[PDB]
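Worksheet: the structure to be examined is printed underneath.
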Amino acid sequence: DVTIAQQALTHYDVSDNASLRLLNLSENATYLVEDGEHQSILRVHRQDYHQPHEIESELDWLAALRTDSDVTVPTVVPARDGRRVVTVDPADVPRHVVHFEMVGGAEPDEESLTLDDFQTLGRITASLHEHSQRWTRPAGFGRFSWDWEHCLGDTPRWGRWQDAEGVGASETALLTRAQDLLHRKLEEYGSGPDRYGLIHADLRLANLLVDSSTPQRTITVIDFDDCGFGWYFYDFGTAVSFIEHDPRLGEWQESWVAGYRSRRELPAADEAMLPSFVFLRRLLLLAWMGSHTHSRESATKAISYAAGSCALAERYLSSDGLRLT
Ligand code: NA
Ligand code: NA
C-alpha cells in the first residue's frame, strides 16, 4: 500500500517525493507525510470495506464535529481539485485515500491515552453521543450498522467467532449460551432513539491521540472508519478492546462512567448493560482474530483470547448478564 500512498501524493500540494512513515494506527495503512517542515497524515483505505459515499459520510460527521462540538477531530486536506476522497487505480480494484492535517501525538512513537485515562475517554465519548443525538444528518448520509445481524447474526461483518482457532466444543457451548443471553438482553433493551444511533464504534484508548502525557492537553479522536449505527453504550465495550479480561475492568468502568456522566446522563438501565456491551465487543474481536489467524503462532494467541472469553462468559451467565467480574 506504500505505492498507493505515493500515487496519491500527486493529487495533493505536498511534494510527490515527500517522505512516508507507516504509523501504528488503524486497520487501514496510515502514513506520516513529511515535506521539509510540513507534516500531514495520509490514510489508505483497505480494499472492499467501504464505498466512497460511505467514506464521505464519515467526513461529513467529522466536519460537523469540528464546528459544533467540543471534541477535537481530524481536519481533511482536500486534493488539488477540491475533493475529499482520492481514488487511485493501479492495475490488478480502485483504492480510496483521505489526507488529514497533522495531529498532535501521531509522530512516532505515537502517543495516546493510557490505562490511567479511562475517565477522559468516557467524557469524550459522552460528547460524541451528545453531538450524534442532536445532529441532523445530511440528505444521502449512509453508514453501515453494528446491529445484531451484522455483529453476531446472519451477516457478521468480521466473520463468525465460532470459527476462530481455540473455539472448540466446550468453548462454543459457554460462548453460545452467553451470546444467547446477550441477544435476549439486547432485545429487551431495544433500539430506541435514547439507546441507538450514530457512533464512532472504535473508541479504544489508542484512538485518542494526545499532545501531552500529563492531563489538560489536546486530545484528538482519530479513526472514525468503523463509525455507523449501533448502541451508544457499545462504545464502552470498544474502550476495553482486547483487555476485557483484565481484573481492573470494574475500576476502569467506574472511571469511564464518572467521565461520561460529567457531560451526559448515564441511567441505571444503561449502566446495567455495560457488561453486555463488553461481551459483545469480546465476541466481535474473537471473530476478527479468527478471520486473521491461519498459523501456529497466531493460533496460540487466539486460543488464549478464546479462553479469556470463556472466563468472561461464565461470569456473565452466573450473574444473569449483570457482571463480568
Ligand atoms: Na479501527
Ligand atoms: Na469452532
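Labels for the C-alpha cells follow display order: chains A, B, ..., residues from 1 in each chain, ligands from 1.
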
Ligand 2 neighbours within 8 Å using only C-alpha atoms and all ligand atoms, as a PDB file with C-alpha atoms, in the first residue's frame:
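Result file follows (out-v3.pdb):
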ATOM      1  CA  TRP A 161     -16.433 -16.104  16.403  1.00  0.00           C
ATOM      2  CA  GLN A 162     -17.346 -19.794  16.239  1.00  0.00           C
ATOM      3  CA  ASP A 163     -14.720 -20.267  13.516  1.00  0.00           C
ATOM      4  CA  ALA A 164     -11.764 -18.869  15.477  1.00  0.00           C
ATOM      5  CA  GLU A 165      -8.884 -21.100  16.479  1.00  0.00           C
ATOM      6  CA  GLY A 166      -9.340 -22.216  20.048  1.00  0.00           C
ATOM      7  CA  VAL A 167     -13.128 -22.211  19.814  1.00  0.00           C
ATOM      8  CA  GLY A 168     -13.948 -25.884  20.197  1.00  0.00           C
ATOM      9  CA  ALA A 169     -16.782 -27.872  21.739  1.00  0.00           C
ATOM     10  CA  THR A 172     -18.636 -22.898  21.820  1.00  0.00           C
TER      11      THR A 172
END

Find the residues of segment 44-131 of chain A that sit at most 7 Å from segment 247-261 of chain A; for each, write down the nearest two atoms and how far apart they are in Å, to one decimal. Count only C-alpha atoms. Sort by chain, then by number going up, and give it as a Markdown table.
| residue | atom | partner | partner_atom | distance |
| --- | --- | --- | --- | --- |
| A:118 | CA | A:256 | CA | 4.9 |
| A:119 | CA | A:256 | CA | 4.2 |
| A:120 | CA | A:259 | CA | 5.9 |
| A:121 | CA | A:256 | CA | 6.5 |
| A:122 | CA | A:256 | CA | 4.3 |
| A:123 | CA | A:260 | CA | 4.2 |
| A:125 | CA | A:260 | CA | 6.8 |
| A:126 | CA | A:260 | CA | 5.1 |

Written file, previous selection with C-alpha atoms, as a short mmCIF file (atom, residue, chain, number, x, y, z; two decimals), in the first residue's frame:
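As written to disk, part-v1.cif reads:
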data_model
loop_
_atom_site.label_atom_id
_atom_site.label_comp_id
_atom_site.auth_asym_id
_atom_site.auth_seq_id
_atom_site.Cartn_x
_atom_site.Cartn_y
_atom_site.Cartn_z
CA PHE A 118 -10.49 5.87 31.15
CA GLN A 119 -12.33 8.84 32.67
CA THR A 120 -11.19 11.19 29.90
CA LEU A 121 -12.22 8.59 27.32
CA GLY A 122 -15.67 8.37 28.90
CA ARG A 123 -16.12 12.14 28.91
CA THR A 125 -17.46 9.54 24.34
CA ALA A 126 -20.38 11.36 26.03
#

Of A:68, A:13, A:27, A:147, the one nearest to residue 284 of chain A when counting only C-alpha atoms is A:147

Those of segment 42-186 of chain A in DSSP strand (DSSP E or B), formatted as a compact mmCIF listing (two decimals) with N, CA and C atoms, in the first residue's frame:
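File written: part_28.txt
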# COMPACT_ATOMS: atom_id res chain seq x y z
N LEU A 42 -1.73 10.60 5.78
CA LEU A 42 -2.42 10.02 4.64
C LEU A 42 -2.99 8.66 5.02
N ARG A 43 -4.30 8.48 4.89
CA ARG A 43 -4.97 7.22 5.19
C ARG A 43 -5.34 6.48 3.90
N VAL A 44 -4.77 5.29 3.69
CA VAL A 44 -5.09 4.46 2.53
C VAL A 44 -6.09 3.39 2.97
N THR A 72 -12.22 17.36 19.69
CA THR A 72 -11.23 17.62 18.65
C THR A 72 -11.13 16.39 17.75
N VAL A 76 -9.79 17.34 7.31
CA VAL A 76 -9.47 16.80 6.00
C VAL A 76 -8.68 17.83 5.19
N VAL A 86 -9.72 10.75 -2.47
CA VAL A 86 -8.98 10.48 -3.71
C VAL A 86 -9.01 8.98 -3.94
N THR A 87 -9.45 8.56 -5.12
CA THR A 87 -9.45 7.15 -5.50
C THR A 87 -8.34 6.94 -6.51
N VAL A 88 -7.45 5.98 -6.24
CA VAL A 88 -6.39 5.71 -7.20
C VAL A 88 -6.47 4.26 -7.65
N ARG A 95 -8.59 2.01 -5.00
CA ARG A 95 -8.37 2.23 -3.57
C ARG A 95 -8.64 3.68 -3.22
N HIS A 96 -9.31 3.89 -2.10
CA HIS A 96 -9.67 5.22 -1.64
C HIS A 96 -8.68 5.72 -0.60
N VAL A 97 -8.40 7.02 -0.65
CA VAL A 97 -7.41 7.67 0.19
C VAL A 97 -8.02 8.96 0.74
N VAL A 98 -7.76 9.25 2.01
CA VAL A 98 -8.10 10.54 2.61
C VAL A 98 -6.86 11.13 3.27
N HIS A 99 -6.64 12.42 3.08
CA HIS A 99 -5.50 13.16 3.62
C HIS A 99 -5.99 14.04 4.76
N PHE A 100 -5.30 14.00 5.89
CA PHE A 100 -5.66 14.79 7.06
C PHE A 100 -4.51 15.69 7.50
N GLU A 101 -4.84 16.79 8.20
CA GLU A 101 -3.81 17.62 8.79
C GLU A 101 -3.12 16.85 9.91
N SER A 112 -0.97 8.24 22.93
CA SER A 112 -2.41 8.20 23.11
C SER A 112 -2.74 8.19 24.60
N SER A 145 -24.21 -0.62 9.84
CA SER A 145 -24.76 -0.81 11.18
C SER A 145 -24.02 -1.89 11.96
N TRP A 146 -23.93 -1.66 13.27
CA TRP A 146 -23.40 -2.62 14.22
C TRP A 146 -24.60 -3.13 15.01

Could you list, as a PyMOL selection string, every residue within 7 Å of residue 79 of chain A, counting only C-alpha atoms and ignoring same-chain residues fewer than 5 positions away? chain A and resi 11-12+84

One-decimal distance in Å that lies between atom CA of residue 39 of chain A and atom CA of residue 102 of chain A: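 Answer for the atom CA of residue 102 of chain A to atom CA of residue 39 of chain A separation: 5.7 Å.
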
Within 10 Å of ligand 1: each chain A residue with its shortest pair, only C-alpha atoms and all ligand atoms, as a tab-separated table:
residue	atom	partner	partner_atom_place_in_ligand_line	distance
A:25	CA	ligand 1	1 (Na)	8.1
A:26	CA	ligand 1	1 (Na)	5.0
A:27	CA	ligand 1	1 (Na)	5.6
A:28	CA	ligand 1	1 (Na)	7.9
A:200	CA	ligand 1	1 (Na)	9.3
A:201	CA	ligand 1	1 (Na)	8.1
A:202	CA	ligand 1	1 (Na)	5.4
A:203	CA	ligand 1	1 (Na)	8.4
A:204	CA	ligand 1	1 (Na)	8.6
A:206	CA	ligand 1	1 (Na)	9.7
A:207	CA	ligand 1	1 (Na)	8.0
A:222	CA	ligand 1	1 (Na)	8.9
A:223	CA	ligand 1	1 (Na)	5.7
A:224	CA	ligand 1	1 (Na)	7.1
A:225	CA	ligand 1	1 (Na)	6.1
A:226	CA	ligand 1	1 (Na)	5.9
A:227	CA	ligand 1	1 (Na)	8.9
A:238	CA	ligand 1	1 (Na)	9.9

Quick one: distance from atom CA of residue 74 of chain A to atom CA of residue 46 of chain A in Å, one decimal?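 Result for atom CA of residue 74 of chain A versus atom CA of residue 46 of chain A: 19.1 Å, one decimal.
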
Once you count only C-alpha atoms, what closest atom pair and distance in Å to one decimal does each residue of segment 71-174 of chain A within 12 Å of segment 314-320 of chain A have, with rows by chain and rising residue number, as JSON lines?
{"residue": "A:170", "atom": "CA", "partner": "A:314", "partner_atom": "CA", "distance": 11.8}
{"residue": "A:171", "atom": "CA", "partner": "A:314", "partner_atom": "CA", "distance": 10.4}
{"residue": "A:173", "atom": "CA", "partner": "A:314", "partner_atom": "CA", "distance": 10.7}
{"residue": "A:174", "atom": "CA", "partner": "A:314", "partner_atom": "CA", "distance": 6.9}

Between atom CA of residue 155 of chain A and atom CA of residue 47 of chain A, what distance in Å does the model show, to one decimal?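 So the answer is 18.6 Å.
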
Pick from A:18, A:73, A:91, A:313 nearest to residue 283 of chain A, counting only C-alpha atoms: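 The closest residue to residue 283 of chain A is A:313.
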
A:287, A:182, A:20, A:269: which is nearest residue 7 of chain A, counting only C-alpha atoms? A:20

Using only C-alpha atoms, which residue out of A:271, A:56, A:246, A:117 lies closest to residue 189 of chain A?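 Of A:271, A:56, A:246, A:117, the one nearest residue 189 of chain A is A:271, counting only C-alpha atoms.
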
Identify, on the basis of only C-alpha atoms, every residue whose closest approach to residue 289 of chain A does not exceed 7 Å; exclude the query and any residue fewer than 4 positions from it along the same chain; express the result as a PyMOL selection string. chain A and resi 164+285+293+302

Go ahead and save the residues from that selection, with C-alpha atoms, as a short mmCIF file (atom, residue, chain, number, x, y, z; two decimals), in the first residue's frame.
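Printed below is part-v1.cif as written:
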data_model
loop_
_atom_site.label_atom_id
_atom_site.label_comp_id
_atom_site.auth_asym_id
_atom_site.auth_seq_id
_atom_site.Cartn_x
_atom_site.Cartn_y
_atom_site.Cartn_z
CA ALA A 164 -11.76 -18.87 15.48
CA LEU A 285 -12.83 -9.28 18.46
CA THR A 293 -5.44 -16.32 12.20
CA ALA A 302 -6.46 -16.92 19.52
#

In segment 6-131 of chain A, what's helix (DSSP H, G or I) per DSSP? Answer as JSON, numbers by chain? {"A": [6, 7, 8, 9, 52, 53, 54, 55, 56, 57, 58, 59, 60, 61, 62, 63, 64, 65, 66, 67, 68, 115, 116, 117, 118, 119, 120, 121, 122, 123, 124, 125, 126, 127, 128, 129, 130, 131]}
